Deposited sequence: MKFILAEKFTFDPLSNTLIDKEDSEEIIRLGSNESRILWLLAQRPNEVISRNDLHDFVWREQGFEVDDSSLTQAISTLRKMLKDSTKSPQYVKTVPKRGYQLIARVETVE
C-alpha cells in the first residue's frame, strides 16, 4: 500500500520511502524505525497514538521515540513549532494531522 500525505508526499511503508511532489525524481530513504512510526500514524489517521503504541510497534529509553519523531519531522520538512504533519499531544502521544489517503 502507498499513502498520499498532505497532497505532497507519496509514502511507501514497505520500501521505507518518501517522494516529494516538488522533487519527484528524488527518493527520500527513511530509516526502518521512522518508516514504521509513520506507517502506524497513517494507519490511524488523525488519531492520537500513545507513546506506548508507537514504541511497541518498533521496539520491545522512551527517548528513542522522541528522536525517531524528530528525524521523521526533518524528512517531512515539518516544523516542530507549527506542525503540518506530526503533532505532539503532551501526556498522550503523537497525532498525524496531515490529510492521509491510501492508493492501491
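**Student:** Do you know which deposited regions have no coordinates at all?
**Tutor:** Unmodelled stretch: 61 to 66 only.
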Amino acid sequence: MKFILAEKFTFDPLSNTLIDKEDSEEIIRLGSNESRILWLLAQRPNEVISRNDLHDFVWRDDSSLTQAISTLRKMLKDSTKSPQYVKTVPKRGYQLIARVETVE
From here on, numbers count along this sequence of modelled residues.
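**Student:** Should the higher mean CA B-factor in the entry be assigned to 63 to 71 or to 33 to 41?
**Tutor:** Of 33 to 41 and 63 to 71, the stretch with the higher C-alpha B-factor average is 63 to 71.
**Student:** Return whichever of 48 to 56 and 22 to 30 has the greater mean Cα B factor according to the PDB record.
**Tutor:** Per the deposited B-factors, the answer is 22 to 30.
**Student:** Residue 82's Cα B-factor: lowest, middle or highest third of the chain?
**Tutor:** CA B-factor rank for residue 82: highest third.
**Student:** Please rank the C-alpha B-factors of the chain's modelled residues and tell me whether residue 15 sits in the lowest, middle or highest third.
**Tutor:** CA B-factor rank for residue 15: highest third.
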